[PDB]
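For what it's worth, the numbering used here labels the leading residue of the sequence shown as 1, then goes sequentially.
Beta carbons: idealized from backbone N, C-alpha and C, even for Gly.
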Amino acid sequence: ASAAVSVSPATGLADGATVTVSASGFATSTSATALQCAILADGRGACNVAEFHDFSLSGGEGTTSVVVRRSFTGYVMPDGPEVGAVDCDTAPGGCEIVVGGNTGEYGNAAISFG
């Protein structure tokens, strides 16, 4: 693997919960974010802009606490129009947390409700 990624707790989640994402090992990447998006039938990148963090690496690690609500106002590209309130549980693929630098790295990790 290019870099080790792991989430703990990651199963039996409900509304009002807060996870603890982790990351270790770097070489290509010089920064790191922790964005989340809802896949639909058309596959457009519907991602929320208010749940972001964006900050440099401390040396080669960068832990951060992200919130996971049952519903949120999605945003499709800087042009719009806005979609509005859409549920994550009704979609086929469902929500997936993605971690990666500004270069082109990726490392997906799915979750599961009780």
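Inter-residue Cα distance where the pair is residue i and residue j
| i | j | result |
| --- | --- | --- |
| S31 | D89 | 31 Å |
| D79 | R44 | 13 Å |
| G60 | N108 | 20 Å |
| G104 | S2 | 12 Å |
| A46 | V76 | 5 Å |
Pair within 7 Å by beta-carbon distance, residue i and residue j
| i | j | result |
| --- | --- | --- |
| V19 | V49 | no |
| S6 | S29 | no |
| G25 | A4 | yes |
Outcome for residue i when other beta-carbon atoms lying within 10 angstroms are tallied against a minimum of 16
| i | result |
| --- | --- |
| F72 | buried |
Residue i versus the options, residue with shortest Cα-Cα distance
| i | options | result |
| --- | --- | --- |
| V98 | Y75, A38, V86, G59 | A38 |
| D15 | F26, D87, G104 | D87 |
| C95 | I111, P81, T63, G101 | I111 |
Nearest-angstrom Cβ-Cβ length linking residue i and residue j, presumed shorter than 8 Å
| i | j | result |
| --- | --- | --- |
| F55 | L35 | 14 Å between Cβ atoms; not a contact. |
| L40 | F113 | Actually they do not touch by this definition, with Cβ atoms about 19 Å apart. |
| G74 | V83 | 5 Å |
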